[PDB]
Every structure is written in C-alpha cells, then in structure tokens.
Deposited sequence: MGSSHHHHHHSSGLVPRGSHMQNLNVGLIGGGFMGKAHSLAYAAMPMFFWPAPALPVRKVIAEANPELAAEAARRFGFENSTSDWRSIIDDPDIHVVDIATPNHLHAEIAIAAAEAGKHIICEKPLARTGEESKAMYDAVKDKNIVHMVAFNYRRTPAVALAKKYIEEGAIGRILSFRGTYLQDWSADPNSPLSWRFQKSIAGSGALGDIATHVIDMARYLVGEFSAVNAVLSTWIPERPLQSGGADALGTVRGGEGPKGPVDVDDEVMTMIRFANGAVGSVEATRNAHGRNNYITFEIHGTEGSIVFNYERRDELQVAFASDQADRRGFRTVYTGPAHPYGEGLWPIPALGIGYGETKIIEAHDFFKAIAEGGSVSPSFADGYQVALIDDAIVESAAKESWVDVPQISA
C-alpha cells in the first residue's frame, strides 16, 4: 500500500526526511507501507521546483495549503521553522491527514496545546520528530531499563553541547529570533534531551533552571538582537522520585553534536554519547567483582531495530538511520491503525516542560511541570 507524502520545507530537515522516505523500505522489508514523495512545498515556486528535483518529489508547490486540500495526500510532513508548525498541523488535522511535525512542536506551550487539541480526538497518527531516541543505542538503553537490568533509576544527567554558533561573527538566523523559534538552545536542542529523559526515566515533576545568553547580537550578513537563550541548565525532579539535570549550549568549543546521557540505577549504570552513537556503555553491578565495569556495546542485529539495519555491529549508524527508523515506526502506526511515540501529546508535554524551565529561570525558583 502506498502513502502519498506532502513535505513542507526543503531545507536541512527536508533533506533528511526525503532520505528517510527514499530508504526506509530498503531497510525495513517488507515495509509497513510504501512512501511516495508526492509533493514538496517551499517558500516560492523556484525554491519548490528545485527541492522537487533534488529530493525526488513528483510535484512541487509554493503554497502548502494546496497539499492540505489535496485529497490524495495521506501524510503531511512539517519541516518548516517553528513559527509555521501549528498553523500547518491544525489545517492538516482538520483535513484528516496523518502528521509528522519537526521539534519543537511549536514556539510555546500554548501554541503546542492548540496542535494537540487539533489531533487528540481524530483517528490520525500524529508524531513529533524526536529522532534521537531512535538511535539504536538509546533504544537498547530503554530495553535494559525495562527489563530491570540496572534496577531502579536514581539519577539522570543529560547534555546537548554544540559550537556551530560559538563565534560571535556567525550570522543571525531564525534560530536566534524569539518571534520565529520561540526559544534558543532550550527549544532547539534541550528538547531532544528532555524527550530522551521522558523516554528512559519518566515524567518530570519539577524543574529549576538558569538561562544564559552569551552572544546578544549577531551580524545580519549591521547587527540584530539575539533575544533567546544560548544555554540552559536545569535540575529536575522526576515523578518516580529520581533526580537529574539537563544542560544544553551552542557555546561549547570542541563539542559538535554532543547529546549524551548518564543514568545511575540501583543495579547498574548506562552512558551514551551520540558523537559515538554506535556505542552504548553499560555497567552491571552483578559482574564478578574482579571484572566489573562499563561494557562498550556496539549496536547491530542483536539489539533493538537491528533486523532493519546493517548485518554486523559497527558497520556504522549515521543521522539518516535514525530518520529511517522514525519513518518506519510512523508508517507502521499508520498501517496498523495505532499511535506512535512520541506523539503531539509528547510534543505538548515537552513544550510545557520548556515553559516551566523559562518561568523557573525568570523567577529563580522551582516550578512544577503541569501534566497531560
């Protein structure tokens, strides 16, 4: 069975998404369904037609509403900047389309809520693209935790450290503009870590945070204001009694895409570093005392999703494989008439955690995270 995709935005995530739709059935065969790259929307006709050629779409448009109104489109895939997520998803939901939307779901908790409300009562699959939790090593961590293999979780530490804008001469873009992005590091990269904490540990009860801006204006490439955070650090109380912290920054020289976590359980520990994403480190307390420590486990056929990936460990997982697994599970949900995680429910919950972090930093005090 074919599912006709309408992809809105042909930039960085347009590419990664197009790769996923091209490759997914090659990896996961027989596929839950066959993606058809039907129409791509971009900001003007020339951009759109060029994107269609590059990414292999059958049609282009400069008006995304023409995708919403097309009765032959089954999936709407939102790959635009954060300011258009809600308007597009809400239209798509009203037209009864399945939706994958890039993170953060929207710019604020309130805007995210409207998207969740728009889908929560329809029999459509809705997904927020936190692809990093589908790194096989992160799925392997989940497996170990659910089996009890590290016991009860005490403590979680999570980072997302980057440096692509660590230079003040690096130009202003929508990622530095509150009106567009909603927040800086918090929305752009801390949300990936937060989803990861929710996935592996559980729901957040409360946060206590500090937001920092290090580079308050950038050249327009003549300068404009950066009115978002460059860096966030937050302590966390988890609803199950665990404690933790998350730190994200755009200003860590030497750190490129350093999404990490360290989890301490009563019977073991798990460490992950996405810069070496093929590896998961796991220390089991039950190891004999003279041979006890972290094992470096390379993901392959024996680990979650391994049947759909490469025939030996360390043949190498890249960014693409994570989007491929994401597309697979999205399509599986559609084909099976089920739901997928993370959904717009997960999207909205994160946006509420973001609001709580901002409020916490403003008031310099603990803030309870409202639940869903």
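In this entry, the deposited residues absent from the coordinate set span 1 to 21, 243 to 257, 409 to 410.
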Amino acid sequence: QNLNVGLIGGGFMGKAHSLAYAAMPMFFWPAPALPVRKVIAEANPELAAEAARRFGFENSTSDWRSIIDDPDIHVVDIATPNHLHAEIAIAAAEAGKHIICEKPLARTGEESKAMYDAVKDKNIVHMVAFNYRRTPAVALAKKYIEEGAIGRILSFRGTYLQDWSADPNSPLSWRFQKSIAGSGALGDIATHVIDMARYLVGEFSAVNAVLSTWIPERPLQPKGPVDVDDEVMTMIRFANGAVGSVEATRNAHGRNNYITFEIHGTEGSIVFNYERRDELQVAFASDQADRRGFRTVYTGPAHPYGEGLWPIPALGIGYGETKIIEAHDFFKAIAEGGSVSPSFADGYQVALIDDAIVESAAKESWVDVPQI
From here on, numbers count along this sequence of modelled residues.
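At least a third of the other compared entries skip residue 222 while keeping the residues on either side.
When the two stretches 267 to 275 and 83 to 91 are set side by side, the higher mean Cα temperature factor goes to 83 to 91. Relative to one another, 74 to 82 and 116 to 124 have unequal mean CA B-factors, and 116 to 124 is the one with the higher figure. Listed residues 301, 187, 293, 225 were ranked by CA B-factor as deposited; 225 comes out on top. In the PDB entry, the Cα temperature factor peaks, among 230, 163, 146, 262, at 146. For residue 334, the recorded CA temperature factor ranks within the middle third of the chain's modelled residues. Sort the chain's modelled residues by C-alpha temperature factor and residue 325 lands in the lowest third, per the entry. Residue 206 sits in the highest third of its chain by CA B factor, as recorded in the PDB entry. Sort the modelled residues of the chain by CA B factor and residue 25 lands in the lowest third.
The PDB entry assigns residue 32 a C-alpha temperature factor belonging to the highest third of its chain's modelled residues.
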